[PDB]
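Beneath this line is the structure, given in structure tokens, with notes to follow.
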Amino acid sequence: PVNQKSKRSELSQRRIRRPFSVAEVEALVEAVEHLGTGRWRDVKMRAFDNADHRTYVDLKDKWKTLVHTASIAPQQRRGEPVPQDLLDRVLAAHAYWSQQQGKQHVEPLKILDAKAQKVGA
Numbered sequence: 100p101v102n103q104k105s106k107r108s109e110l111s112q113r114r115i116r117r118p119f120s121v122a123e124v125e126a127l128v129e130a131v132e133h134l135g136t137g138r139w140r141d142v143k144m145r146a147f148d149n150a151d152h153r154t155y156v157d158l159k160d161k162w163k164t165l166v167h168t169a170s171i172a173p174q175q176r177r178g179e180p181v182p183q184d185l186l187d188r189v190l191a192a193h194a195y196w197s198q199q200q201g202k203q204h205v206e207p208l209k210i211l212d213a214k215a216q217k218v219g220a
């Protein structure tokens, strides 16, 4: 025998830069989960090794699209293959932290954060 299948088609799209690799993005979420959605500067320092004088908005944009990719907007689909492990962790922090400000849909979970101290000469 032999059958066919149907799928969805794209319409529009906008982008200037390139997508982040699973290994790269893996840090964005992991960092946002520990540092939360209130410490972007720390997320860049913990995630990106070269976050000396790097911006904090960069990581903020990547995350925004990350969570939306988990299961929010249909047109927000980056298209590229994304690990369900990240999308899940992202929505966890985005929703968990969201409860602090707004309210849309959270889950039964909690987390924490903390910094360290390193003095030299």
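Adding 99 to a residue's 1-based position in the sequence shown gives its number in the numbering used here. Yeah, the Cβ is synthetic: ideal placement off N, Cα and C, and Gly gets one too.
- In the same chain as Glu125, and ignoring 5 residues on each side of it, the C-beta atoms closer than 7 Å to its own belong to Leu185, in chain order.
- Between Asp187 and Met144, the alpha-carbon positions lie close to 23 Å from each other.
- Segment contact: the region 133 to 143 against the region 192 to 203, three or more CB-CB distances shorter than 8 Å; contact assigned.
- Our two residues, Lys159 and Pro100, have alpha carbons roughly 50 Å apart in a direct line.
- DSSP places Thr164 inside the alpha helix (DSSP H), whose first and last residues are 156 to 170.
- Counting other Cβ atoms within 10 Å of its Cβ, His167 reaches 16 or more and is therefore classed as buried.
- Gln174 and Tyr155 have their alpha carbons spaced roughly 25 Å apart.
- Judged by beta-carbon spacing, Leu127 lies within the 8 Å limit of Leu165, meaning their Cβ atoms are closer than that value.
- For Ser197, the enclosing alpha helix (DSSP H) covers residues 183 to 200.
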